[PDB]
Amino acid sequence: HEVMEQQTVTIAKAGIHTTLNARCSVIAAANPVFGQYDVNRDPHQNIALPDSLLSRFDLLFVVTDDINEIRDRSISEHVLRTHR
Amino acid sequence: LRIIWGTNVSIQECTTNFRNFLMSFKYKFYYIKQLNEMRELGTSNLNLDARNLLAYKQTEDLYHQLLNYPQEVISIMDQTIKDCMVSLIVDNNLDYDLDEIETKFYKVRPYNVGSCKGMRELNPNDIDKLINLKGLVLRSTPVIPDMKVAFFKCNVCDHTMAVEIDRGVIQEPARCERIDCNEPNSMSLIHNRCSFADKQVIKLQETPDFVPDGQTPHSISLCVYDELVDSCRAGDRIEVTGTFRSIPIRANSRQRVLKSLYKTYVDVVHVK
């Protein structure tokens with residue numbers, strides 16, 4: 001939380017006491033928070049990691065590999081063509 | 001005037017300046033009352049007050065002579081209070097039966113000279129000075145015996161003559177005692193027969209309430225002496241006064257060489 005939005009890191013440790021800057025960009029990949037019920041499951045209870053984090057991330061993209069039948073065949077063909 | 005080395009606090013001057021200090025309220029802004037209380041009990045250890053000499057005149061300078069040079073000033077102060085006991089007795093004529101009560105050892109216990117700031121603030125420039133300190137005591141060390149009067153022996157004849165330590169060193173005459181006899185052979189130092197005096201050691205954290213936060217407090221080992229030894233236990237957060245000391249330590253190991261960085265400890269003449 002402190003890293004992402006605030007854009008800085010703060011160490012009061014022991015110690016050296018300083019506010020030092022980490023202004024990194026961030027990507028994250030997570031599972032379906034238990035139960036493959038990632039596709040059908042509710043807009044909430046699916047994410048598994050409330051709450052403010054869900055906001056901090058500018059974009060939340062969903063990846064259910066669910067047909068979308070006519071989409072499966074195409075993907076398979078693509079993979080086949082690739083296998084070369 | 002009898003100048004004494006570099007301390008330059010003159011004998012046969014300050015003694016009288018202290019001798020006429022007697023009988024004062026005064027001022028304030030006790031004194032002889034509490035001494036008259038002292039003479040019966042035989043408890044010795046005159047606690048004084050500090051501040052007395054300030055702002056009081058005379059001896060406005062004596063406060064500065066003690067503060068800047070406590071080492072001699074305490075000894076002279078003890079001599080003078082002893083002779084002022086001697087002069088207290090002759091006033092009432094025959095007292096306490098008779099002269100033996102004066103022979104008993106007395107000392108001054110000065111305290112609260114200015115308000116010093118911490119151990120931490122202290123300059124290395126002031127190494128003989130009276131220094132307030134405060135902090136809890138983490139441990140009270142077992143009693144170490146300290147040399148006062150040394151004893152010596154030889155294979156010849158054997159003879160019992162012995163010499164006092166004085167300064168922090170011991171030099172025995174090569175040869176020899178009584179007489180004579182001689183020969184050149186090394187002196188035999190009896191370990192147990194010689195006299196000893198109590199020296200404790202007390203560890204003190206520097207004011208855990210006052211800290212750089214979060215850096216852990218610094219140790220100050222104050223060694224005390226005499227009656228003060230074993231007069232305390234642990235964790236006492238109150239305050240202590242005494243003379244600062246830097247003494248060399250022996251390093252690696254053996255070699256008889258000095259680490260050249262002197263360790264620092266407090267003589268702590270008084271505790272309150």
# chains A, B, ... in the order shown; residues from 1 in each chain; ligands from 1
$ closest_atom_pairs --of "chain B" --to "chain A" --cutoff "10 Å" --atoms "only C-alpha atoms" --output "tab-separated table"
residue	atom	partner	partner_atom	distance
B:212	CA	A:15	CA	9.8
B:213	CA	A:14	CA	7.9
B:214	CA	A:14	CA	5.2
B:215	CA	A:15	CA	6.6
B:216	CA	A:14	CA	9.2
$ residues_around --residues "residue 30 of chain B" --least-positions-apart "6" --cutoff "12 Å" --atoms "only C-alpha atoms" --output "number ranges by chain"
B: 21-24, 36-38, 46-49, 52
$ residues_around --residues "residue 19 of chain A" --least-positions-apart "2" --cutoff "9 Å" --atoms "only C-alpha atoms" --output "list in words"
residues 8, 9, 10, 11, 12, 17 and 21 of chain A
$ select_by_dssp --residues "segment 1-135 of chain B" --states "strand (DSSP E or B)" --output "NGL selection string"
:B and (46 or 108 or 130 or 133)
$ write_last_selection --atoms "C-alpha atoms" --output "tab-separated table (two decimals), in the first residue's frame"
chain	number	residue	atom	x	y	z
B	46	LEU	CA	29.16	14.45	56.21
B	108	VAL	CA	32.73	15.12	52.90
B	130	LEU	CA	32.17	16.44	39.50
B	133	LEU	CA	24.54	11.15	36.18
$ residues_around --residues "segment 124-126 of chain B" --least-positions-apart "6" --cutoff "10 Å" --atoms "only C-alpha atoms" --output "number ranges by chain"
B: 68, 244-246, 264
